[PDB]
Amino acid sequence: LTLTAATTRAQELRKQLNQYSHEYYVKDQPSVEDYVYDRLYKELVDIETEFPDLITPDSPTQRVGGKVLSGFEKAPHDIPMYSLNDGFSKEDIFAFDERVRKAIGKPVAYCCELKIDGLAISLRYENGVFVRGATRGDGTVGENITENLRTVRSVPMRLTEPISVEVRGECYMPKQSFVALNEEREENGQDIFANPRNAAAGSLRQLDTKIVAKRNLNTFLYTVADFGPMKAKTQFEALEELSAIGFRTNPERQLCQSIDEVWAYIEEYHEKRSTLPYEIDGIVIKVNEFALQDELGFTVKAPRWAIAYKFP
């Protein structure tokens, strides 16, 4: 195979393999059998092995990692990553709704989402290319964990549309992976992680990306730092749009027109809790209309337009 032929073929393979990866990791619904992906993946590895200059950032072979950092550079969030206000009872939730109606002056719809137990992350894309991955940190300054996030399979290295946007969401470790990891640590005389949240946080703190690539971390994106590039006008629309551009979103969301529907949602997933492949510590209730979120604003700690109902 000539360099000229390999150059063209490599792009074809990346394109095809990344589409399969999108279906498998982002949609959780593969179209082809694994052996189909494996054969094409092997073909690409052979090409890259022969002509290493053909290796690119969006090549699926880079998911295994390789870089080892000495430490993490600071990662500023010019648009702050606020925290969430907490609610602990049906009372707190209805009180929240009352305060929201009092401020807005009319009934308001809420986009309800599961509160994934993990770590909040921020992903920056420029012209569709993944350029920065960061932890929330203290809200205004986090850690630059770009290299580690390159190994997180559900994180796209190149979006289909060449858009420049910074999306945010949760990075977590599914229950099964958490269990297996702790067994592995027990086998190697290491301290186990107390919970999936800690396992995810500890994994993203590792400096050797090759180790992180093996931690089986996953994601659920739920917001955008700057809605400039995007068209969504409500949170529910934002979730659909995040999915449209290539990110993994949680399918269990629900738009509720009343606080009673909100409470019904909470009860529904409070029972379905144990059945999910990931842990959740509550429900996040968000004023759906962005125009109303803007009107409500933020306290110093968090937005006034959202509240997290924490499971007892």
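In this text, residue numbers run from 1 along the sequence as written. Heads up, when I say rigid core I mean the largest set of C-alphas that superpose within 1.5 Å between the two forms.
After superposing on the rigid core, the larger RMS C-alpha deviation in 8 other deposited structures of this protein belongs to 228-236, the other candidate being whichever of 72-80 and 228-236 remains. Once the rigid core is used to overlay the structures in 8 other deposited structures of this protein, the stretch among 116-124 and 219-227 whose CA atoms lie farther from this form is 219-227. Here 62-70 and 264-272 are compared by their mean Cα B-factor, and 264-272 comes out higher. When the two stretches 101-109 and 119-127 are set side by side, the higher mean Cα temperature factor goes to 101-109.
For the set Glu166, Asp92, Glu143, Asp138, the PDB entry assigns the largest Cα B-factor to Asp92. Ranking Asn218, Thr209, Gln190, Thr223 by Cα temperature factor from the entry places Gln190 first. Among the modelled residues of its chain, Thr249 has a C-alpha B-factor that falls in the lowest third, as given in the PDB entry. The deposited CA B-factor of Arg150 belongs to the lowest third of values across its chain. Annotation for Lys175: C-alpha temperature factor in the highest third relative to the rest of the modelled chain, per the entry. Remark: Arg185 belongs to the middle third of its chain, ranked by C-alpha B-factor as recorded.
Per the deposited record, the Cα B-factor of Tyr82 falls in the lowest third when ranked against the other modelled residues of its chain.
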